[PDB]
Chemist: 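One structure coming up, written as structure tokens, with questions to follow.
Heavy atoms only: backbone and side chains are in, while hydrogens, waters and symmetry mates are out. Residue numbers begin at 1 in each chain, while the letters A, B, ... track the order of the sequences.
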Protein chains: 2
Amino acid sequence: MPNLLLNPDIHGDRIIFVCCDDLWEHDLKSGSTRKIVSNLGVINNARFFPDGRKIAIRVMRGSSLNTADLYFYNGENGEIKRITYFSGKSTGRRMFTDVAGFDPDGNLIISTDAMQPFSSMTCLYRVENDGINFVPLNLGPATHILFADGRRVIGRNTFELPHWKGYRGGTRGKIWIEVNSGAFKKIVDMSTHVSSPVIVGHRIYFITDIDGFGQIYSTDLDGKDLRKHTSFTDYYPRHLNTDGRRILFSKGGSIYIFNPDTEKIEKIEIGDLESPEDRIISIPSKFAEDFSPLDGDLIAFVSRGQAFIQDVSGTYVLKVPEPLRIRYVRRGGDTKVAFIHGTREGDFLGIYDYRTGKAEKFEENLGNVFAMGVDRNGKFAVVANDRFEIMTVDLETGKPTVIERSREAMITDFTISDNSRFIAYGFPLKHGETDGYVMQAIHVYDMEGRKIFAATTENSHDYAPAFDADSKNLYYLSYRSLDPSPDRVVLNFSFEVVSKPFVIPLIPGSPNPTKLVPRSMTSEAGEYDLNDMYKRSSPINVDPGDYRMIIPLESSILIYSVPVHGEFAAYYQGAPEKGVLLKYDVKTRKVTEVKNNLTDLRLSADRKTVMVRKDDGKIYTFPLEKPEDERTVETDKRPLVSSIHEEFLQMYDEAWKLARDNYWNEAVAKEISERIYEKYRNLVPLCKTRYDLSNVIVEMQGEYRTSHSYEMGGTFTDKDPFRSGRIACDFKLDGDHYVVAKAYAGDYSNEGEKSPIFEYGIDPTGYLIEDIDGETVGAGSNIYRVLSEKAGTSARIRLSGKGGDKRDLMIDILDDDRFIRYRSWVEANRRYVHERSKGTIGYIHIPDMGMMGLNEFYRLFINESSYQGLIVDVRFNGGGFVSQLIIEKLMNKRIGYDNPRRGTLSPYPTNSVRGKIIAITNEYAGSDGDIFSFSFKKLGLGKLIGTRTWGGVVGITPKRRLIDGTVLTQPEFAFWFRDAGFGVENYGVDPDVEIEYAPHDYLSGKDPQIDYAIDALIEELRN
Amino acid sequence: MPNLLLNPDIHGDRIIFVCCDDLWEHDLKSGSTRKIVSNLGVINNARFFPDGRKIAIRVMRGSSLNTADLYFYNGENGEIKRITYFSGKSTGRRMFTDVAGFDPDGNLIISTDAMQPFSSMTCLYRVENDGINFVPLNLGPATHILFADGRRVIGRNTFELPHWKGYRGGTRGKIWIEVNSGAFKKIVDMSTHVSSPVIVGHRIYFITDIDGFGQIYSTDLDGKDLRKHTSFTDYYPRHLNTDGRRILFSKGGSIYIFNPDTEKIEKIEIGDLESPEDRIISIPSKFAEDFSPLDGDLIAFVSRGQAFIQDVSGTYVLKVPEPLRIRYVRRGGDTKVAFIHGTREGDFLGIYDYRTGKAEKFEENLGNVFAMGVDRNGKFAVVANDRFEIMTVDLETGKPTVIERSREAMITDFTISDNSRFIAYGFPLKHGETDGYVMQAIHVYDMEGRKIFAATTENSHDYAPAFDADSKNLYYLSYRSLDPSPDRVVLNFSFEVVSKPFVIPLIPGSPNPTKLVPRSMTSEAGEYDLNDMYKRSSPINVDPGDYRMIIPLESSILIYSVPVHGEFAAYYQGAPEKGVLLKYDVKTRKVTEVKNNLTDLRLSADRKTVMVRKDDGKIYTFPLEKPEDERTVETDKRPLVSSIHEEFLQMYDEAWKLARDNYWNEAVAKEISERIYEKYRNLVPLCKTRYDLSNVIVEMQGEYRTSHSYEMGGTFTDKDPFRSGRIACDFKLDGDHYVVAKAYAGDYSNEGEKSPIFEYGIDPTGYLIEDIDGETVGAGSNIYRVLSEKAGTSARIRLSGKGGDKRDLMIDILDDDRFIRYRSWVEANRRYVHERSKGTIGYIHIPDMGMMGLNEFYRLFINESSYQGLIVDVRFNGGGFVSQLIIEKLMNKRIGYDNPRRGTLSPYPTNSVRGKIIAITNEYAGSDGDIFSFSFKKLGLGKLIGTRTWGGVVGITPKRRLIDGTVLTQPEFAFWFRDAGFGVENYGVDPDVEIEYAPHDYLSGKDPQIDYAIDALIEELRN
């Protein structure tokens, strides 16, 4: 039972490497191995200092390893010490805030975006006094820095990209070298991605897969005389490191040594290191999903692939006796439940009687199931799969029967009548293959006659069907009540409150029950007749809103409502959508609130019990008759038990299967998947930690050689995330005191765009920071650590100005100041553009194509679009999906003006740019950011300046998480441009004028890209 | 910066030892040292298996290391595995559930009380299949077992006793050896304690301090030819271990080797191993103390020796700028607070203005302060110290003035009038030096004239003085309203509700204000006159109860009431005493509840704000006017920051100072403390963990060579305690199935005294356990781990009886079953005595002299005191203080009977023993159990049978915890017997007839002690 060994470094005969998230050291001479540091969190990189006495360590914390900071380990006394308190953001594909190199004096050089407006701006800083102070090198964003013959060697984006083999986009690693004390030249720019550069003798060694597989190559300090030193075919080499004589690297779980002199490669024999306990315990609530009410006031819930039946207090718990991956569990009978069990082959329907203990599984492979319901009489279930089919499955024979199949999307929204005769569902459809909108009509399946009926027309979005208890009327919701709401900032309107419930009597002649037509004035009777029922449709008298569920009751109707809200939090912070349960009294048409702060709602089969999840994250239950009697469902009294190796294999297979099944090109998917299956599955048994598993799943994901193959979420450690305290200020150690080198502020009147100190009436720039909460900070007291310890609270800060000015203030210590740094960067560029253009050119930056992109675009568009020229900066754009919306605005042509008796001219359209436009982009703009850059040029909006974009345009829409919560992504939607085809993928967008942003440019304090854009526009504006 | 190295074992050239709570391995050949197991919790012992391949490990978990279990470490593959799921109870002086030795076949033998009715019954078991099954050796309680020439060598109580140097009590370590298969002889029984026995060649090596200091000695396998092999004078040697050739041991933080051949001793050079981060972060609420209200709605609170001023939400927090050990903090003015600062020299008063930030400390040493208050005008503070003095301290000059000094106890109950003129306080006193009860009278000090006046007579206990706002009346409480309450089980009565409030008008002629005497009918006026004020006292019309505080308001009086409750939880589980705040309306005399579930209450200076601690442990604040507007006080938004080395130095110093100050014999205390200070203070810097510090503190505590020098509580690890699942059954692996070898039940009708399976109508004895919660248990499925995973919940257990009987039951899996095992043991002894005596002798067992002892003594006394004879078994008695109450009952002489017309004779006294009594005691009975054993003989109650008791009779009453919550105890009260003097201490009590309980007695299943007691009484009962 060997371990997965990774990321080594070497010094003499001593090699250090990672195993089980901890740092180990192996001595080649004695052959002994030892763990030198552990329990710090997940370590992914360790670097010896030049004299090999100390080691710089990068460690990640937070369940998903979303935070990182650095530590120093002293081999002499075994002293461990945290050096950075930045709580740098981290992702599997961009593990930032790390060791960049060591200068000629032996000082540590780090790379970090902690104090920058963008995560891609991983700037270089010399670390002084063990983290007391950080000195910027001003060489621009970089990953590695090497020093040879007195000059600086810079590696840009040279970190490994295991998730994207064959990457050839604009962000590929490149190497630059200094040629004259402050002048730099790009010496290594290959078609593919260069990573892990090191120097031995006078050659730069690095990795790249230009020939089809990862190998070690080398060039001279001029980027010439390319050489190939390896011919690996099993697994890609990774993480080169050197002591100046020999090179170390990891490959497929083993550590190897490359001797440049002999070109000899030798594997290091390390043997079995650690075998932790396989059987683990987990907190059920941390991986819970699919909670549902059962008879007898019992409840069912799924967690980490396991299912349970328990009382509400979680004291009497029964585990469903089925192996890994039960996806859904649903009430089947008095003491019975139906469930979906998944395997490597697909999903299957099963039944379990918790009273008798008899559990049965049917062999009919239903595909990949995303919804399942059971009729009230427990005779059949209804299932929906990714084939876009909705079917019934006889709970006795297991025989499935496809009801219908959509060609647009899954039929996950369905309901079954209490008498088990009708099945109503939303049917996604399109009039034509290339329609921009998918419509959805409710269809009704009559078990008797097996014939489908259209409940509603195909013109909009009808959903959430629900039959009344007597199975005589079909209620549902529609987004048909069109009525626009005005944008309060931009000239725009949108349909915000257009949801309305409708009802269809299943028996012709019978009226809308909510109309209260006197019974004596209605000729009753009539047999069921589902023909032309859409013509009989009638709305219920409820104000339009945004409803998601309708529950018809005897003399009232419950409705799940969602107040209008902003999307920022749900989009970036996973914040759940908040809703309220409303009660509509049919008799008086009076609407009241039943429950609020909801995020989900399940309804008992008999309509007597209601289960909800609230914004507080807890599950509650209450009688629909007396919502005051609410109880809290407890699931953590009983620990979740499982086997790491059983789960890892299950997880590898599912990751592997998802990558195959969701890859945009089906033909390709089959060949790729089969070719890589065993190669990586064979490494799974070497994995002992979730991080190990990650190293294996990601390399397999990279074999698809396509963008967007991500691994997000999951639980890798129990360590709380690192903390960082900020006040939007940069500190410089001057003598024995810290001085505020810079105090950030964007728009003073906006919220959260400035150092909290500004609210006290002074600009802290140039002030000395004497102490925080009575503790002196300075030469002998790390201010970053002090701020970290106060993060999220208000502390007394003593400031000293040049003179006799002294300040004693209670300052809010923020947990982050990225947005303040960003807005300040934006406003600075804005003033600079106005100043250099002499007031003729406007400026706008678009950070991404999501909700932030929309905010920042309009934030400046309303003030910047009416200058003679306009610069649209999309550098560092993180992508999203609103590129098309912003383009639509820039495409407006000013063709007129209103002339008022009083006031000034009003342009028409209001949203039109007045003059010439120019766009700036760089290698850090990507995805939807690629599409914007390509479209800007294609539509002739203006010239495109900068450097080639990221080149990743195969979108993702994840719909499944691993049992531990991990969200994997699969490049499932390949973008195709008219004329260019799929060619943007793995390449990017070339600007009309390429303007590099070299290290010497950063050294001189000049932004050549913005300067060219301003100048080019000034030129164009001459005539 | 070296480390404190401890508890080593040796095998060839390899030595393992503990450092920083982790396990390390050192190779004598290569000189290399390495950490082989870490992050498991706190390891205190590690033993090489015979072949030196596997290592057995004892690790502790739970903040106070109160739980323990064993693991196996396999250096071959680096596999770590838990072997036991007992969660054995552990204390620093009795770290039970450990490795006991290895049999000739190489199988692990463990010692544990996990499945016994007493913690001292650490029975031996051979471990099988890594914990799947445990086979009892049935040799009785033991610590170590060695094997020589086929015969078993047994060490009884042979663990180290660092907290008691020179121990010579009955529980001292002794060694027995097998002479004839199954027959044993005691070979090593010295006046002093023998610890850590090992065998080399044909000699038993061990440690003892018979010559005044710990040294290594040895004897032949016959216990003869005693030899002394060392002459240490610096630190006591500890933890001997051997590989059969050499002996390894720890001393003063270093690891040494003793060569029996050469008799040479060599120190192993290991060097600096590990230095963790010194600056740590702690959760404030976890070490919180003294919480108090300040003006402006601010709060003051002390935690881990630090003090803070903060708003209720804990968003605005200010740390008081003073070094370690702020003991108390009190409102001193508008933005000022007074505090007590403690140092190694004593306690001092200081003042801190949180607005300006100016802090001042006065140099007057106030001694050891236990109470502090400040007058409302902020001119002086009132302080109470362990000198029994109450004094004022000028807040301007710092000049202290002693008001009065009690010669009985501290004056901690005091109050200051609003006009700052009077100080009323409870004054402890005794009429004579040898009085059994300390009375308390209220005394009032007049600042004007500096004279003391008696407010109450000296006949009972008067307390909680409180002046009204106008400083015209003094209110207080007394336990003077004697009215007896009846005991519901025993003929007994006690004063439960005898607390009554009283009031004393400070102006003669003025009537009790609660009497509502009409003003027009009262001749008002008059000047203050405190003479004869006790004569003027008047009660207030509130029913008697149990009051702890009285707060007189304008038209009402608030009263803190404590409902009568049992003491068990408070006595054993630290449970807080629950109280309620009552409101007495003076006008109507109506009493209403203002707040319940309280555990503590603080009132602001202006009587407007109330702060309380509730049973939920949280601190709340509400306006006295609207108790509904209650807010929760948050203190954990901002982490506590401290330095480990600074804290460790402050704690050792305080531990040393407490040991000295409280030792019972002051003469001896000066010499001992000065002699031991440096020696242990020098080991402090070697400590890196709380466990390291404990080893040092305990060794220094043991220098007092007296009983009761303990170290309880404190925070040693962040690991959750070990869990164990129990159903009061003993399991035996028979083939591939576990059979219930025994099902425990005491009194079926009592609560919690039987396996929870009995509630389903069957006795599980003989039944086979098929599975638990669907999981099969047996030959390849450890039932103990399965139960551990279900502890605290109800699980489905399937059982099979011999036949066709099958049971499927939802069983409560308990967290512990010690009490069930105890009562079953007692009831079995009870039946055995009835049977063997043929219904002529009764039986009673007293497990301790605390609340449990009271419960169990009476639980049987009511049924067993009327046989012709009575056996009073005090074996294993844990001590406490009720021995005298039990003797009082046993002393009753039956001298008459009531003869009724109908029914049977009633004996007089009712609580009298009918006949002859005999007592059984052993080496596990001590403290108040020593006192009981001695008294039984002394008073001639009957014969004492068994073995010499523990011998620890110098009591404790701790009143101070270290900054981390640690409760240290100091032998402060030496018990003196008429005729025997102080002699019981460090010796114990000899029985009239000594009856050893040899290993072969346990092997044969015979209890020689109970048999002799039975036979002795049968004989005495002949005539």
Side-chain angles (χ1 to χ4, degrees), chain A residues 61-62 67 69 82 84-89 114-116 131-134 720-733 737-746 751-765 767-778 781-800 807-824, chain B residues 279-284 298 306 308-321 354 357 634-642:
Chain A
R61 290 187 183 177
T67 67
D69 268 316
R82 181 177 176 177
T84 65
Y85 295 75
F86 294 140
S87 192
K89 298 182 181 181
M115 261 82 84
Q116 298 304 319
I132 291 288
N133 167 64
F134 302 79
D720 302 311
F722 283 114
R723 306 271 291 184
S724 185
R726 288 138 186 279
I727 66 181
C729 287
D730 287 357
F731 313 107
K732 181 183 183 183
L733 188 287
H737 291 287
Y738 282 109
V739 60
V740 175
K742 187 177 177 177
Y744 301 84
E751 184 186 10
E753 290 189 16
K754 67 194 173 185
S755 171
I757 295 173
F758 284 109
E759 295 187 5
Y760 278 95
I762 62 159
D763 184 342
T765 301
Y767 275 79
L768 303 177
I769 293 186
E770 303 282 349
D771 43 272
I772 298 181
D773 188 15
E775 164 165 35
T776 295
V777 287
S781 190
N782 191 325
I783 190 176
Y784 301 102
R785 175 168 52 181
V786 169
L787 295 171
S788 301
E789 296 162 335
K790 304 293 196 309
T793 77
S794 284
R796 173 171 285 163
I797 299 182
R798 186 65 177 182
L799 296 175
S800 277
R807 313 278 177 165
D808 194 355
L809 325 163
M810 292 306 296
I811 302 295
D812 299 327
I813 306 301
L814 312 176
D815 289 352
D816 178 44
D817 61 12
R818 169 93 100 195
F819 187 68
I820 300 169
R821 287 172 184 279
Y822 167 76
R823 292 284 302 117
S824 165
Chain B
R279 186 179 181 111
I280 65 172
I281 288 181
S282 303
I283 300 176
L298 296 181
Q306 298 181 46
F308 311 78
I309 285 51
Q310 64 159 71
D311 66 299
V312 301
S313 74
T315 170
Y316 300 94
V317 183
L318 301 178
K319 175 183 179 191
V320 181
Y354 50 89
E634 295 300 339
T635 59
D636 307 329
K637 208 177 196 304
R638 174 197 166 189
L640 240 47
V641 176
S642 60

Chemist: I'd like to know if the side chain of A:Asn782 and the backbone of A:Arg785 have a donor-acceptor N/O pair within less than 3.5 Å.
Modeler: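 Judged by distance alone, yes, a pair lies under 3.5 Å.
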Chemist: Taking the side chain as every heavy atom from C-beta outward, state whether B:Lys637 and B:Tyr316 have any pair of such atoms under 4.5 Å apart.
Modeler: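 Answer no - side chains too far apart.
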Chemist: Go through A:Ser800 and A:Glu770 one step at a time and tell me if the side chain to side chain donor-acceptor pair (under 3.5 Å) criterion holds.
Modeler: CA-CA 7 Å; A:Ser800 277; A:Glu770 303 282 349; 2.9 Å; yes
Chemist: Are the side chain of A:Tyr760 and the backbone N or O of A:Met810 linked by a donor-acceptor pair below 3.5 Å?
Modeler: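 It does hold such a pair.
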Chemist: I'd like to know if the side chain of A:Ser788 reaches the main chain of A:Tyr784, judged simply by a donor and an acceptor atom lying under 3.5 Å from each other, with no hydrogens or angles considered.
Modeler: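 Yes, the answer is positive, given that a donor and an acceptor are paired below the 3.5 Å cut-off.
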Chemist: Could I get the full list of salt bridge (charged side-chain N to carboxylate O under 4.0 Å, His left out) partners for A:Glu775, not counting sequence neighbours?
Modeler: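 Here the qualifying residues are B:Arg279.
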Chemist: Is B:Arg638 salt-bridged to A:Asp773, going by a charged N under 4.0 Å from an acidic O?
Modeler: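 Counted as a salt bridge, because a side-chain N and a carboxylate O are separated by less than 4.0 Å.
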Chemist: Suppose we screen for salt bridge (charged side-chain N to carboxylate O under 4.0 Å, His left out). Which residues come up paired with B:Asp311, at least two apart in sequence or across chains?
Modeler: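 Salt bridge (charged side-chain N to carboxylate O under 4.0 Å, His left out) list for B:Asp311, sorted by chain: empty.
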Chemist: Are A:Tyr85 and A:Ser87 close enough that some pair of their side-chain heavy atoms sits under 4.5 Å apart?
Modeler: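 No, every pair of side-chain atoms sits at 4.5 Å or beyond.
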Chemist: If you take the centroid of each ring, where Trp contributes its six-membered ring, are A:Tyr822 and A:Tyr744 closer together than 6.0 Å?
Modeler: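 Ring-ring flag for A:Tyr744/A:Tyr822: false, centres at least 6.0 Å apart.
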Chemist: So does B:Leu318 get a backbone contact from the side chain of A:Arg796, meaning a donor-acceptor N/O pair under 3.5 Å?
Modeler: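 A pair under 3.5 Å: no.
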Chemist: Is there a donor-acceptor pair under 3.5 Å between the side chain of A:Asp771 and the backbone N or O of A:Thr776?
Modeler: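 Pair absent, no side-chain N/O of A:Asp771 close to backbone of A:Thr776.
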Chemist: Is there a side-chain contact between A:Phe819 and A:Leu814, using heavy atoms and a 4.5 Å cut-off?
Modeler: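 A side-chain contact under 4.5 Å is absent here.
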Chemist: Donor-acceptor check, side chain of A:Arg723 to backbone of A:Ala791, threshold 3.5 angstrom: yes or no?
Modeler: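 Present.
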Chemist: Would you check if A:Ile811 and A:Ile727 make a side-chain contact, meaning some heavy-atom pair closer than 4.5 Å?
Modeler: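 They are in side-chain contact.
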Chemist: Looking at residues at least two apart in the chain, or sitting in another chain, which of them share a salt bridge (charged side-chain N to carboxylate O under 4.0 Å, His left out) with A:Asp69?
Modeler: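 Only A:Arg82 meet the salt bridge (charged side-chain N to carboxylate O under 4.0 Å, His left out) criterion with A:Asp69.
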Chemist: Quick one, B:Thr315 and A:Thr793 - any side-chain contact, counting heavy atoms below 4.5 Å?
Modeler: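 Sidechains of A:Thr793 and B:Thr315: no contact.
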Chemist: So, does A:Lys790 use its side chain to make a donor-acceptor pair with the main chain of A:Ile813 at under 3.5 Å?
Modeler: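 Flag not set: sc A:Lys790 to bb A:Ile813 has no pair under 3.5 Å.
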Chemist: Would you call A:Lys742-A:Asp730 a salt bridge at under 4.0 Å N-O?
Modeler: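 No, this pair does not count.
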Chemist: Quick one: does any side-chain atom of A:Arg821 pair with a main-chain N or O of A:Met115 as donor and acceptor, under 3.5 Å?
Modeler: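 Judged by distance alone, yes, a pair lies under 3.5 Å.
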Chemist: May I ask you to decide whether A:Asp720 forms a salt bridge with A:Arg61, counting only side-chain N to carboxylate O separations under 4.0 Å?
Modeler: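 Salt bridge absent between A:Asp720 and A:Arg61.
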Chemist: Counting N and O atoms only, with roles assigned by atom type, does the side chain of B:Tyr354 sit under 3.5 Å from a partner on the main chain of B:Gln310, one being a donor and the other an acceptor?
Modeler: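 No; judged by distance alone, with no hydrogens or angles, the pair does not exist.
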